[PDB]
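Asker: Quick one: the structure is below, questions incoming.
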Amino acid sequence: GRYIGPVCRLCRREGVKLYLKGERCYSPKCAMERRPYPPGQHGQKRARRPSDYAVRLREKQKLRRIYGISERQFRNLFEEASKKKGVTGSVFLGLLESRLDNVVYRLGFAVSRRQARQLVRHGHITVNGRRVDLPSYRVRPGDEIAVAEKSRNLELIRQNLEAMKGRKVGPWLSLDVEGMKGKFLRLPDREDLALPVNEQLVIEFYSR
Amino acid sequence: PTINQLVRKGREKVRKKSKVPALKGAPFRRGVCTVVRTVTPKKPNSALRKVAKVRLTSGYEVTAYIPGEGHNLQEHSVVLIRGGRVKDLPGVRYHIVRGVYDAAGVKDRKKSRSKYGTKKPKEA
Amino acid sequence: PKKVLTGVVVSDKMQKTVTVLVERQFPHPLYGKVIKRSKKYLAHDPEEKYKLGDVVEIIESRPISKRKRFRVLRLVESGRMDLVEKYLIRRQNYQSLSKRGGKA
Amino acid sequence: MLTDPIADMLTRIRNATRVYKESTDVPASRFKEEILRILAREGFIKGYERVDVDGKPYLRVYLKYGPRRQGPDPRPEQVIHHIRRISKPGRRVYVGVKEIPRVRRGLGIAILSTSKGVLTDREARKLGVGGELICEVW
Amino acid sequence: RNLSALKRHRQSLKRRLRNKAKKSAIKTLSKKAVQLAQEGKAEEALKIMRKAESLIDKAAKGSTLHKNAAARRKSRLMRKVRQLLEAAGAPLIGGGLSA
Amino acid sequence: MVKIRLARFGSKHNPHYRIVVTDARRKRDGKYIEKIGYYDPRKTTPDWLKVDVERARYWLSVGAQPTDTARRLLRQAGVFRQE
RNA sequence: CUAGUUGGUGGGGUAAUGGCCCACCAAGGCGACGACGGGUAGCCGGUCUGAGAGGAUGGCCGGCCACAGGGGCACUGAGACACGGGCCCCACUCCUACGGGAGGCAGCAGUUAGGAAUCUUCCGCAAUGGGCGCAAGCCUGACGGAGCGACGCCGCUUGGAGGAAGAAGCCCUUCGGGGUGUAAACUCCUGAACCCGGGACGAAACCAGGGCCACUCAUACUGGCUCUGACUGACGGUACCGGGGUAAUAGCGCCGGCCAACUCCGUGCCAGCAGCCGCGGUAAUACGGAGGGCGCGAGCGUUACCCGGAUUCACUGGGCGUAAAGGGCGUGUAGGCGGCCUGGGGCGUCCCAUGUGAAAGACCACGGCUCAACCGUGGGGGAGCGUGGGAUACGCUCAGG
């Protein structure tokens, strides 16, 4: 079971904003607002010069907690992105962004990555018609990711797809807010993501 | 060594020697207590380390440490040995597994209970 | 193909049989240098033809006796004890290196 | 005795260049001359020429160096930074055309001796052949 | 218990006996002949040899001698016989003997 | 006796046979003499039965005796149609 | 170390060569290039690790061998020295009217003993395949399945959004306050479990009626094609589809350094921790609890063992003045190595073709299960060795100088 526990506390430990809640993580309350110091009895105390490990560790934990994924699954993606041709760093990020549950989030259906995970899980999602309830499902280029008809009437889905009016979409995506459809055009490139991550250190961490 | 020498005598592969003849190269061995003495430390350290002579099913008669604040081991108590020496007690090469057979777990152990085999206390 | 080999007759001490000393070469499987080993075959010599010192071609045959599966196909070059010597001299060092020691 | 003529030559060369000799003699042998041919062509030595020392045949090897330098130790960079014997008596080394090494990522060479003559690793690969791996230069 | 295919053993014993009986006849005649050639008596030495030859080939008919087992027997026989007959023999009947 | 038969190679509930030329005595999933086709019982794909009729005919050419089901598949790929 | 020992001649036996076996003759065979003896081993495609070289490994699956309570033996057969066939001996078990009889799971399942430890006395012959039969069909603990045991791998579950300058409890405090913490409470949505309905692939042959071909004198056999053709599922009413529907297993290790994670309290060289260095004798980030934190998540941690780190046996890839390491010196055997020129040979060496290198695995590509793990198809690379052809610089050999 992927984490499930206080989350704005991770935002804090990474001393960087993490959108693990979609909304609110804007309204002066992501906590990273007037309280960006780590959680716990020591948060306010001065921080010491981190060790090379600490740095590589913290960097990976970030990139990972961003997609609310287990180390177990995370690692396998990485070792997969290591074998396949091309700059491991980005190739890795490509695969992370190809998770059906991520895409859903990326396409505005869900407000957060967690929410999207559930929508996919509870069947409210489609992939070329056939429904898919596997969050780890890998979306390929040229796949329509529509909202389940039976759910198209769901209060939740109508709100999000509403506010989704106007909101642009990643250059590797595209969506028809009408039939609540969207397409995975291509694998995003490192540039396409504004991730507060340095895969450089993530690769190095799995080097040790 | 010359190449021709290497061809003649060649390199000798290193052999490691066990540090735990718990025989059968087993993970654990059960034995019977004989003496529940109490040795004294070495070089600097000082105290009353609780030890126990054990007659293993492996045919060996050994000395084993008894971890924990307080134990309940006696003369003929059945026990399980897990291997692991004790830096201060020359001659003790294995620890006794607490929570198995006759060795009761440590009472009032609220932390590293996995070791000291003590069940989870029910928080009132 | 019935295997054919070439060696020297290092022994004519038996009846209708001779000891051919076939030499062989090859690269050491790990250190690569070309090493050179050798083996003795007892070959069938009916005519009692072949003599000590002869270079002969041995041919894989049907068993003739236990420890004897080769027949002297033919003679390649007669007389040349320079080879028998090595073989004998080597047998001679054996005459020691035990509780005493081999000459020089 | 002179155990390895080829190795003797690479060393004479390594030795002379380290002190910046202009020339440098090495007893002549068809084979050694064959090697020098490559050394020149690959531009490692100004060139070489037959000569007679004390009546016996030798090969003058005209050494080549970089230009003078700045700061302390104005000694020129060597053109022959390296030059090591590989196949050696009592440890011969032969390679198939698929095993011909790629010296210094291509910036260096390797002189082989093939049944097609003495060639450099590139030449050998072209002619698709292998053979005793004489040396390595870069 | 009871693996009714005991029958196999049951039959093995018969066959064993049937074979055993063919061979002993074979050996007896073989010597019989060799010994006649031995003593130089041409005619009867061959006469018997032919029987031996026959029994042998018949033994190879079913699975008694079978194979080259039969061949070996015949050759070792006709050989021994013709040679021993070199005592002023002159193979009369020349039965099992291509003169 | 040499046969032409099926060899279970699928997985639980996902059977996939291999029309094979083996000796009657081997495990059904043992070492065969040659592969000459494959068969997907559940036609999970448009290509659920290849047969290389060329080879089959060769094996039959010399005693290969097909299991019934094997023959029925060989017939489908017209190994017998003699038109 | 060894006399059937090494060879020979004649002979036996075999499908067949052969001291395989025998008679006679000769005077042998093996070893330091390790005979003989002792120990260990079932061996192998592969597997784990490793940058590689290499190291370790060979259980599951496939190939070979060996054994069948232990030892020996043959019969019958195409084939056995024959797990569920036979004979004798071995001790043991059982029946005995005490003379004498009967037995032998290293097959599936199961029992018992031993052990830290290893399953159902299950379903089925439907599928694969196998034995007999013309066929119908019979047999099939092989097999196909279900069951027990995160024992391993893979997948998933144990909610989502909002929600205070921030409840209470608990912890710390410079007593101002800080922390647990949007966490909770609560609101709304979502809705695993669970309920209701539908309900599968795997099965098409073998073989109900009709039509037709090949062979044939035949409308007698035999074989085939085809059509409308029919029967058959253990798993299982399971997967899956549709509708309804509840916020609803966690956890485990660690926070002195190596090593990511610190405060209070208790304890007082005690009780305890401990992989190493070490920690505890009144301020302990090292013992016990708590708060907080770090890691990972039916997972987490320990023990054991292998490699990695360990270039710590060094071929890749190390060394020997003083750190461990030159034998005290010579003479020389075997062996390793080889001045200049020419010619022959082509053994090493290099090239080409060809054969073999199994399958599985590894690599790349595409494909199947919602992904993946897993699996399918295809392709490429690959040492080594056999065969034919070729080259001749170097090494070797021969001849000459």
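Asker: Considering amide H positions built from the backbone, and no H for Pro or chain starts, which residues 5 or more places from C:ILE35, or on another chain, come under 5 Å of its amide H?
Answerer: C:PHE26, C:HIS28
Asker: So what are the ³J(HN,Hα) numbers for the range B:46-51, from phi and the Karplus equation (6.51, -1.76, 1.60; θ = phi - 60°), rounded to whole Hz, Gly and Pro as x?
Answerer: These are the phi-based 3J(HN,Hα) values: 8, 2, 10, 5, 7, 10 Hz.
Asker: Let me ask something else about it. Highest first, please rank the peptides F:68-75, A:98-105 by the mean number of other Cβ atoms sitting within 10 Å of their residues.
Answerer: A:98-105, F:68-75
Asker: For the residue pair B:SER112 and B:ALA124, what label-to-label distance in nm results when each label sits 7 Å from Cα along the Cα-to-beta-carbon direction?
Answerer: Between B:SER112 and B:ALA124, the label points sit 2.8 nm apart.
Asker: Rounded to the nearest 20 Debye, what is the dipole magnitude of chain B about its Cα centre when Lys and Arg each give +1 and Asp and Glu each give -1 at the C-beta?
Answerer: Here chain B has a charge dipole of around 640 debye.
Asker: Let me ask something additional. Per DSSP H run of at least 4 residues, take -39500 (n - 2.57); add these up for the protein assembly as shown, divide by its residues and hand me the 222 nm value, nearest 500 deg cm²/dmol.
Answerer: -8500 deg cm²/dmol
Asker: To continue, here is another question. Might you report the magnitude of the Cβ-based charge dipole of the range A:97-193 about its Cα centre, with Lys and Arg at +1 and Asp and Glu at -1, to the nearest 20 debye?
Answerer: Dipole of the range A:97-193, to the nearest 20 debye: 200 debye.
Asker: Just to verify a number: FRET efficiency for B:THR2 and D:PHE31, C-beta to C-beta distance, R0 = 22 Å, to 0.05?
Answerer: Step by step, r from the Cβ atoms, then E = 0.30.
Asker: Between beta-carbons, use under 10 Å as the cut-off and find the net charge around A:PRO39, counting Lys and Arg +1, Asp and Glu -1.
Answerer: +4
Asker: How large is the charge dipole for the range C:49-104, taken about the Cα centre, if only the Cβ atoms of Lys, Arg (+1) and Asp, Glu (-1) carry charge, to the nearest 20 debye?
Answerer: My answer is approximately 460 debye.
Asker: Something else now. At a Förster distance of 25 Å, what's the computed FRET efficiency of C:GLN92 paired with C:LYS68, Cβ-Cβ distance as r, to 0.05?
Answerer: For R0 = 25 Å, the calculated efficiency reads 0.45.
Asker: What residues of the range C:27-61 lie in the reach of a label at C:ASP12, counting those whose backbone N is under 16 Å from a point 7 Å from the Cα along Cα→Cβ?
Answerer: Within reach of a label on C:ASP12: C:43-57.
Asker: While we're on this one: Would you calculate the volume per residue, in Å³, of the smallest convex hull containing every Cα atom of the protein assembly as shown?
Answerer: Normalising the Cα hull of the protein assembly as shown by residue number yields 540 Å³.
Asker: Moving on. Let me know the longest stretch in chain A that avoids all GluC sites (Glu not before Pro) found in a DSSP loop with at most 16 other C-beta atoms within 10 Å.
Answerer: With GluC sites (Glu not before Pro) excluded where exposed in loops, chain A gives A:34-177 as its longest stretch.
Asker: Now a separate question. Rounded to the nearest whole Å³, what is the per residue volume of the convex hull around the Cα atoms of the range A:97-193?
Answerer: Enclosed volume per residue, from the Cα hull, is 84 Å³.
Asker: Which cross-chain or sequence-distant (5 or more) residues have an amide H under 5 Å from the amide H of D:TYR94, H modelled 1.01 Å from N in plane?
Answerer: It is D:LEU133, by chain and number.
Asker: Within 10 Å of each candidate Cβ there may be at most 15 other Cβ atoms; applying that plus a DSSP loop requirement, which GluC sites (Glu not before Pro) in the range C:27-88 survive?
Answerer: C:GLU47, C:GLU48
Asker: Through the Karplus equation 6.51 cos²θ - 1.76 cosθ + 1.60, θ set to phi - 60°, convert the phi angles of the range A:59-74 into ³J(HN,Hα) values in whole Hz; use x for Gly and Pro.
Answerer: So the Karplus estimates, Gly and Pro as x, are 5, 4, 3, 5, 2, 7, 5, 5, 9, x, 9, 6, 3, 2, 5, 3 Hz.
Asker: Once label points are set 7 Å from the Cα along Cα→Cβ at both A:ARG138 and E:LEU92, what is their separation, rounded to one decimal in nm?
Answerer: Those two pseudo-labels are separated by 9.9 nm.
Asker: With θ set to phi - 60° and the Karplus curve 6.51 cos²θ - 1.76 cosθ + 1.60, what are the ³J(HN,Hα) couplings of the range A:11-19 in order, to the nearest whole Hz, using x for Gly and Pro?
Answerer: 3, 4, 4, 7, x, 9, 5, 10, 8
Asker: Quick one: net charge of B:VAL39's neighbours, Cβ under 9 Å, K/R +1, D/E -1?
Answerer: Here the count lands on +2.
Asker: With a Förster radius of 25 Å, plug the Cβ-Cβ distance of A:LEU195 and A:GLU149 into 1/(1 + (r/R0)^6) and report the FRET value to the nearest 0.05.
Answerer: With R0 = 25 Å, the Cβ-Cβ based efficiency is 0.15.
Asker: Quote the Stokes-Einstein diffusion coefficient, in whole µm² s⁻¹, for the range B:1-82, based on the Kirkwood radius over alpha carbon pairs, a temperature of 20 °C and a viscosity of 1.002 mPa s.
Answerer: After rounding, the answer is 136 µm²/s.
Asker: What is the set of long-range amide H partners of A:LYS181 at a cut-off below 5 Å, with H atoms built 1.01 Å from backbone N?
Answerer: A:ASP176
Asker: Related question: Select from the range A:1-76 those trypsin sites (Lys or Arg not before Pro) which occupy a DSSP coil region and have at most 10 other Cβ atoms within 10 Å, ordered by residue number.
Answerer: A:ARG34, A:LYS45, A:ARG46, A:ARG48
Asker: From the residues E:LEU97, B:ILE96, A:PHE109, which one has its Cα farthest along the dipole of the protein assembly as shown in the positive direction, the dipole being from +1 and -1 charges on Cβ of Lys/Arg and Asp/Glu about the Cα centre?
Answerer: Most positive-ward Cα: B:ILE96.
Asker: With a cut-off of at most 11 other beta carbons within 10 Å, and DSSP calling the residue loop, which trypsin sites (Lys or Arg not before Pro) in the range D:1-94 qualify? Please list them.
Answerer: D:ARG68, D:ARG69
Asker: Obtain the nm distance between the two label points defined at F:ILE33 and B:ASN45 by a simple spin-label model: each point lies 7 Å from its Cα along the Cα-to-C-beta direction.
Answerer: 7.3
Asker: Okay, next question. In chain F, if the dipole is taken from +1 on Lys/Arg beta carbons and -1 on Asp/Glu beta carbons about the Cα centre, which of F:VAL53, F:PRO66, F:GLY78 is farthest to the positive end?
Answerer: Of the options given, the answer is F:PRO66.
Asker: I would also like to ask the following. Between the range E:45-99 and the range F:5-83, what is the separation of their alpha carbon centroids in Å?
Answerer: So the separation of the two Cα centres works out to 54 Å.
Asker: Further question: Rounded, prolate or oblate for the range F:10-83? Axes are the square roots of the Cα gyration tensor eigenvalues, ordered a ≥ b ≥ c, and the cut-off for rounded is a/c under 1.5.
Answerer: Oblate is the answer for the range F:10-83, as a/c is 1.5 or above yet b/c matches or exceeds a/b.
Asker: State the answer as a single residue: which of A:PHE184, A:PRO135, A:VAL147 lies farthest towards the positive end of the charge dipole of the range A:97-193, with beta carbon charges of +1 for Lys and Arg and -1 for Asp and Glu, about the Cα centre.
Answerer: Working it through, the farthest residue towards the positive pole turns out to be A:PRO135.
Asker: Continuing with the same structure: Could you compute the net charge surrounding B:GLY59? Neighbours are other residues with a C-beta less than 14 Å from the C-beta of B:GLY59; K and R count +1, D and E count -1.
Answerer: So the environment of B:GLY59 carries a net charge of +3.
Reconstructed Cβ throughout: ideal geometry from the backbone, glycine too, with neighbour counts over all protein chains shown. Throughout, read-outs are computed from the coordinates displayed, never taken from laboratory work.
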